[PDB]
Amino acid sequence: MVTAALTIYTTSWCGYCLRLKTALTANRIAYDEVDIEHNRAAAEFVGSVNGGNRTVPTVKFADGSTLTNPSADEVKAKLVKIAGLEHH
């Protein structure tokens, strides 16, 4: 369905949270977000794929894989191939 393009795992008290939001918004990237300290299973997941420990935001794509705190370019590059569009 690609409605869940990427799920953002972050805390509200993270430094990169609002930084990355703006980058995605400027690229009109459609995303879903859930806070990690509310969702323990998500916290566990993001904490595992994070840089050592839970600190940085992580995006879980529609393919199931993650990318630890990426920029809008980096996510666009991946997301496009998952959804389609770049073809005829």
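Data block above holds the structure.
So, here's what we can say about the structure.

Quick notes on the rules
Residues numbered from 1 in each chain as written, not as in the entry; some residues may be left out. Heavy atoms only, no water. Pairing = 2+ DSSP bridges. Helix = DSSP H or I, 4+ residues; strand = E, 2+ residues; numbered from the N terminus. Axes fitted to C-alpha atoms, helices over the stretch in contact; angles between N-to-C directions. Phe/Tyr/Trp six-rings, centres within 6.5 Å; stacked < 30°, edge-to-face > 60°. Expected span 1.5 Å × (residues − 1). Buried < 20%, exposed > 50% of the residue type's maximum accessible area, 1.4 Å probe, protein only. Arc of directions from axis to C-beta. Contact = heavy atoms within 4.5 Å.

1. Observations concerning the sheet that holds strand β4 (residues 66-68)
- Judged by pairing direction, the sheet is mixed, and its four strands sit side by side in the order β2-β1-β3-β4 without closing on themselves. Looking at which strands have only one partner, the edges of the open sheet turn out to be β2 (32-35) and β4. For this sheet, the mean angle separating the axes of adjacent strands, direction not counted, is 20 degrees.
- Taken together, the four bridges between strand β1 (residues 6-10) and β2 define a ladder with parallel strand orientation.

2. Quick look at the packing of aromatic side chains
- Scanning all chains against the criterion turns up one aromatic pair.
- Between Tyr9 and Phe45 the ring centres are 5.7 Å apart and the planes differ by 70 degrees, which places this aromatic pair in the edge-to-face class. Taken together, the positions of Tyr9 in strand β1 and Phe45 in helix α2 (residues 40-49) put the pair 36 residues apart, joining distant regions of the chain.

3. Thoughts on helix α3 (residues 72-83)
- End to end, α3 covers 16 Å across 12 residues, agreeing with the expected 16 Å (1.5 Å per residue, within 8%).
- Buried residues of α3: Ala72, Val75 and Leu79, and no others. The arc enclosing the buried residues of α3, seen along the axis, measures out at 65 degrees, which places them on a common side. Every exposed residue of α3 that faces more than 90 degrees away from the buried side is listed here: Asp73 and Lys81.
- Here the buried face of α3 lies against β1, α1 (17-25) and β3 (58-61).
- Just beyond α3, the residue with positive phi is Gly84, at close to 135 degrees.

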